[PDB]
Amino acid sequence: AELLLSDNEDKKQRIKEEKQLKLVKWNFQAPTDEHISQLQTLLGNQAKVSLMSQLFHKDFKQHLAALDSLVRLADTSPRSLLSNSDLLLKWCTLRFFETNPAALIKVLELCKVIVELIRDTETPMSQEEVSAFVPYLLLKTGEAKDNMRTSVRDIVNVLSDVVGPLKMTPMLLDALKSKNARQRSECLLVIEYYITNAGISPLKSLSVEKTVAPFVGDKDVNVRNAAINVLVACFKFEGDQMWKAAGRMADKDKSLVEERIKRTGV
């Protein structure tokens, strides 16, 4: 009987073709016809046309049907999801640009299943696969609903295990350039968790203290509080080196951080 979605090793061929500059890089600001057509060609070589017709419909409806079929493969053909993880995660990023909460819930459920299978099987994720997915998933950290931010962070927590703090942090730092204050604060909270659990030393080449310090002065209280807590987490590991690494801070920003240190240690 035929699989709805292939189980082969064509992922290696896709990664190699991208490195050979024979695939366009999934690094757009917003999806373009060129990226969608490339994905549709690559997925067309892996998926039955009835899945393909749903995947590239307009009709959010028709996406839910594809998502249901794909989520069920986790039970019946999990190697299909693994073999095609890079293409499925790219299709999910296209869904990150639409506003439709019902579809989003099911997209995130698919993303969760895929990153759990990658983690559990110890499947390596290439830099290309990571970069194609994570920067767009981080957009959804700015979702207005608290349960939606939670679902996104649960996927980030699996990827942090697969990818590791050192390779995740540059994308989390880059996310701070966002206009969306929920995205900036949620991204700081992930950095805070890395430092609390593994220390600042593994992250030393990244200039975390200095990049994060200006956000103690952010307009948004959640960003300020998380930025303060990143610097306090650093302090706990490296003491006054935190201050050297951070560089010049507004005097009043520095007092807020000093008071937080004082209070968390009484």
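Position 1 is the first residue in the sequence shown; the rest follow in order.
Undergrad: Which is higher on average in the deposited entry, the C-alpha temperature factors of 20-28 or of 247-255?
TA: So the stretch with the higher mean C-alpha B-factor is 247-255.
Undergrad: Averaging the C-alpha B factors as listed in the entry, name the stretch that ends up higher: 40-48 or 193-201.
TA: Going by the record's values, the stretch with the higher mean is 193-201.
Undergrad: Just to confirm, going by the entry's C-alpha B-factors, which of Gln183, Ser80, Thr123, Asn147 comes out highest?
TA: Most elevated C-alpha B-factor of the set, per the entry: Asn147.
Undergrad: Based on the deposited C-alpha B factors for this chain, I'd like to know if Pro101 is in the lowest, middle or highest third.
TA: It falls in the top third of the chain.
Undergrad: Based on the entry's values, in what third of the chain does the Cα temperature factor of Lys61 lie: lowest, middle or highest?
TA: Tercile = highest for this residue's CA B-factor.
Undergrad: Lowest, middle or highest third: where is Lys219 by Cα B-factor in its chain?
TA: Middle third by C-alpha B-factor.
Undergrad: Among the modelled residues of its chain, does the C-alpha B-factor of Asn225 lie in the lowest, middle or highest third?
TA: Ranked within chain, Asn225 CA B lands in the lowest tercile.
Undergrad: Could you look up the Cα B-factor of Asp75 in the entry and say which third of the chain it sits in: lowest, middle or highest?
TA: Within its chain, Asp75 is a highest-third residue by C-alpha B-factor, going by the deposited values.
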